[PDB]
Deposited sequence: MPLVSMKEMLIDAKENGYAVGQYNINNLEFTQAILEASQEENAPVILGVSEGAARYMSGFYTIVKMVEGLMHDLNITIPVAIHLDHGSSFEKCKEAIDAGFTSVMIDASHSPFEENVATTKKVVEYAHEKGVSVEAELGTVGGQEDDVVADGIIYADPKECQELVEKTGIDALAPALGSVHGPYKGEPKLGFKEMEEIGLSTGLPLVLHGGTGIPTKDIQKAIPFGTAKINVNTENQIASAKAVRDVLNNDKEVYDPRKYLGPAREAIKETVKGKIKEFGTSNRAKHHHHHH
């Protein structure tokens, strides 16, 4: 069923696993992520950036497409449709009104008090529609910037944002780049806020650091470039080995397969397999 992130991330946090957010960019991306998660009996979060949504014509198109696939692929796992790095209240409202079940309102580059106000406004609207809300504090690093442009989430800011806004999940940047995670800080923030935590900039973080972060409260981990890299490699391989092929299905089919196998790998990493219940 289409659900928000709320209960799936609470279950993830409570039982020591994470649910991947896999970003979608078109039909084939969405098929691969849904099939992979269903085959793994795992809940899943479908991530949509604002740029990806423009590319896919709009939020409503995306929701329609997912509704189609839920039916045709016989999806029975929990599925959230999540606005990734939402830039404003208006954009969050637009996604929600089109049928999104979750939004991240990203005001982490604004003054903290403005982050609180804008996030609070998004939660008030979203919670009226059953939509879960993620917010962000701190900055993900990565040219030539001191401390590699890393700015840890402040534990007092984290606590205060949670208490004042009522968000369902928190993304505290704690050393990830786009690396050495502040596991001590992560533990403190998870315990103090009592919220499932979200990991951005996960691409390239070793499985061992990924699996250390998870019991410290990381319950959602974002995945995007890994799928793009794997799909693009499969397209290149098809086109480079057959100079005559033009049927889109003959290079985008393998791209879809490569995503599917990338996602199953992340699912195994994250412990998400067999967490979908009735």
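Not built in the structure, per the record, are deposited positions 1, 144-145, 182-187, 288-292.
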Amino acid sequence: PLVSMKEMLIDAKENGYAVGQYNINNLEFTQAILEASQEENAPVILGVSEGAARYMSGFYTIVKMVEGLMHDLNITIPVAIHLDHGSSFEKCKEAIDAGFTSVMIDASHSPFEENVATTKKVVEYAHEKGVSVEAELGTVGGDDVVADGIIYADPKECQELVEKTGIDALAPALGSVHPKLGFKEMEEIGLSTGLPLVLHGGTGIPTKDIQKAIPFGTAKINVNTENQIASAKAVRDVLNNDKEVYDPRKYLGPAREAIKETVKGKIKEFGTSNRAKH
From here on, numbers count along this sequence of modelled residues.
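In this entry, the higher average B-factor at the C-alpha atoms falls on 153-161, of the pair 153-161 and 87-95. With 96-104 and 181-189 compared on mean CA B-factor from the PDB entry, the stretch scoring higher is 181-189. Across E50, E226, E40, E28, the greatest Cα temperature factor reported in the deposited entry is at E226. Residue set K220, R54, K250, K64: peak C-alpha B-factor at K250 (per PDB entry). Annotation for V133: C-alpha temperature factor in the lowest third relative to the rest of the modelled chain, per the entry.
Among all modelled residues in this chain, the alpha-carbon of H82 has a temperature factor (C-alpha) in the lowest third. Per the PDB record, residue ranking by Cα B-factor puts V123 in the lowest third of the chain.
Remark: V140 belongs to the highest third of its chain, ranked by C-alpha B-factor as recorded. For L195, the recorded CA temperature factor ranks within the highest third of the chain's modelled residues.
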